[PDB]
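Down below is the structure, laid out as structure tokens.
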Amino acid sequence: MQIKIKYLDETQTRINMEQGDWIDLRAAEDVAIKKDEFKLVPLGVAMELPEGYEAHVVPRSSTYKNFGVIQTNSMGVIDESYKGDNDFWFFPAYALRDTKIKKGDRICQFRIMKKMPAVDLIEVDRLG
Amino acid sequence: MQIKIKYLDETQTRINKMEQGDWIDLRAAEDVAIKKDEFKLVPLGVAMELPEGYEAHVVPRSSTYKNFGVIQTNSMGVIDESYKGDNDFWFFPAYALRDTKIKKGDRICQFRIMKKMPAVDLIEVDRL
Amino acid sequence: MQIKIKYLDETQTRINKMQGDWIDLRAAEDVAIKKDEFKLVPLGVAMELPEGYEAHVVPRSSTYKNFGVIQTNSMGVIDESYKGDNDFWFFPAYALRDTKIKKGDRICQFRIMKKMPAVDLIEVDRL
Ligand SMILES: O=c1ccn([C@H]2C[C@H](O)[C@@H](COP(=O)(O)NP(=O)(O)OP(=O)(O)O)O2)c(=O)[nH]1
Ligand SMILES: O=c1ccn([C@H]2C[C@H](O)[C@@H](COP(=O)(O)NP(=O)(O)OP(=O)(O)O)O2)c(=O)[nH]1
Ligand SMILES: O=c1ccn([C@H]2C[C@H](O)[C@@H](COP(=O)(O)NP(=O)(O)OP(=O)(O)O)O2)c(=O)[nH]1
Ligand SMILES: [Mg+2]
């Protein structure tokens, strides 16, 4: 199973695994964020995911410790269909304190996972 | 694979975007106003009987923070197959980072289903 | 399918068997957190998961109203790799109000999941 991945540019740090571990993604540019402010931290990457698969994106264990940001959407769902040449991943960050992220910083991690199977949604007037 | 769904009332907007594999959006069952640093359970006006052996996972949409200034306090909501009774309506536990207003009908979060953990024996052991 | 689990001390309340359900985990000691402050809440447990699996840890839906805390990493990911006698799970809590969590309190919950299959990251210039 392969993932095709476009980098924003040559300065981005490429990421190498087939170990099953979640893969760290990194900030594409310096972002500074005041306490109680919001910013998209661009991750400088676009990917074509395997057919029938999602990416899930959550912070790293140490993200809060080292940057004082929480992830606004809790968990990011990157769908297989987000595979365009301008479809760059971002990390939506709310700073609970003054913070600076530097280009290259590892700020979140992801894995892939089979989309849910197909499903008939059937309205009913009463449940058991 | 089918899910039964019951709606609080005819007012509610059927979520008739059954899966092409994608997560599915849920909507505020009523007008809800939440002030800065206030918490509210936002009712989603749906009860469901998930497939045997499954659970549902709920998370915010990508734009939920931009548009309503709320985060989901439980990060990823877990809904077990057993939450299927006739009064088991889904909610969105929302904490507000600014003064905000959700209107009835609004898409505020999204779900998919996924198979439960297989059974597991838990052994206590002195060391590892 | 088997998980080997090691409690911190005798004091800790062992957990029941279960069925596929997320298992609740308990705070290992009383912890007080002021508004707008962060603290790791020990869950007094370390575990050897199955070869090829990870654990996901998230709050109960009631953690906020009962205890006033969110989990700053959203969902903790614990790898098969974290299986040593000192590898004790924690709940990273940030308090949005003053709060005292009390030993024994069930504050978050977990399950296991097969890890991602092996994949190739093939760099490309266009998509
Ligand atoms: O944390 C995230 C979350 C989403 N994303 C990406 C994936 C998503 O496809 C895109 C946002 O554009 P839309 O809001 O239109 N996508 P959406 O999730 O709304 O898809 P849909 O409308 O199909 O439900 O941002 C991230 O990069 N990081
Ligand atoms: O975001 C959510 C999360 C859960 N739920 C529902 C489904 C689930 O069966 C029920 C309880 O979930 P939790 O286990 O996370 N909270 P708690 O453990 O307090 O409830 P219970 O004691 O029933 O397990 O609430 C929601 O409607 N929205
Ligand atoms: O909420 C959490 C999250 C992680 N953990 C555990 C598992 C993890 O291995 C450990 C943190 O160690 P590291 O800082 O080395 N992070 P991790 O092992 O995930 O990094 P890598 O991606 O290199 O494995 O804490 C918790 O107890 N609670
Ligand atoms: Mg529970």
Side-chain angles (χ1 to χ4, degrees), chain A residues 1-7 9-10 12 14-15 20-23 35-36 45-50 53-76 82-88 92 94 96-97 108-113, chain C residues 33 35-41 43 49-59 61 63-64 68-83 87-97 108 110-113 115-125 127:
Chain A
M1 259 187 236
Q2 59 175 46
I3 306 188
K4 311 168 219 292
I5 181 172
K6 176 180 179 194
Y7 289 84
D9 67 33
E10 52 285 340
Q12 303 298 120
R14 282 54 190 161
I15 345 133
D21 293 343
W22 290 53
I23 296 154
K35 206 206 201 251
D36 300 305
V45 287
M47 299 186 217
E48 164 170 346
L49 294 167
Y53 275 74
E54 265 156 30
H56 292 174
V57 173
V58 300
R60 295 176 57 242
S61 174
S62 34
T63 304
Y64 185 72
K65 185 180 72 210
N66 301 343
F67 303 115
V69 297
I70 53 168
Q71 184 177 332
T72 242
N73 61 357
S74 308
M75 198 189 75
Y82 195 63
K83 63 187 202 294
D85 191 61
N86 276 312
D87 288 349
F88 287 93
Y94 185 87
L96 288 167
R97 64 167 168 82
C108 58
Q109 40 166 187
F110 83 102
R111 65 167 278 174
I112 67 176
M113 147 159 24
Chain C
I33 319 172
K35 203 201 179 190
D36 281 310
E37 139 190 340
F38 175 87
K39 216 168 257 217
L40 294 183
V41 180
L43 300 167
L49 293 72
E51 242 101 12
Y53 279 77
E54 60 195 25
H56 295 171
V57 173
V58 294
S61 74
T63 291
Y64 177 76
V69 307
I70 57 180
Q71 195 183 325
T72 51
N73 66 175
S74 318
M75 166 170 93
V77 159
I78 321 264
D79 187 46
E80 75 196 331
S81 187
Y82 202 71
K83 57 170 250 284
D87 292 336
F88 290 115
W89 296 28
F90 284 88
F91 181 87
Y94 182 95
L96 277 347
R97 63 175 198 247
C108 64
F110 89 89
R111 72 165 279 181
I112 67 181
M113 262 215 83
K115 316 225 283 190
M116 235 178 130
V119 306
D120 292 332
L121 261 69
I122 180 191
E123 176 164 357
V124 291
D125 233 272
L127 278 176

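Basis for what follows: all heavy atoms, side chains included, without hydrogens, waters or symmetry-related copies. Residue numbers begin at 1 in each chain, while the letters A, B, ... track the order of the sequences.
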Spacing of [X] atom [atom1] and [Y] atom [atom2] [to the nearest 0.5 Å]:
| X | Y | atom1 | atom2 | result |
| --- | --- | --- | --- | --- |
| C:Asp120 | A:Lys4 | CG | NZ | 10.0 Å |
| C:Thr72 | A:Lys65 | OG1 | NZ | 11.0 Å |
| C:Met116 | A:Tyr53 | CE | OH | 9.0 Å |

Can you tell if the side chain of [X] reaches within under 4.5 Å of the side chain of [Y], non-hydrogen atoms only?
| X | Y | answer |
| --- | --- | --- |
| A:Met113 | C:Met113 | yes |
| C:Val77 | A:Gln109 | yes |
| C:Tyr94 | A:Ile70 | no |
| A:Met75 | C:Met75 | yes |
| C:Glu54 | A:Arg111 | yes |

Strictly below 4.0 Å, N to O, side chains only: are A:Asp21 and C:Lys115 in salt-bridge contact? yes
If every non-hydrogen atom of A:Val58 is compared with every non-hydrogen atom of C:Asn73, which pair is closest and at what distance? CB-O, 4.4 Å
Test A:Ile5 against every option in C:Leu121, C:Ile122, C:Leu127 by the side-chain contact (heavy atoms from CB on, under 4.5 Å) rule and name the one that passes. C:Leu121
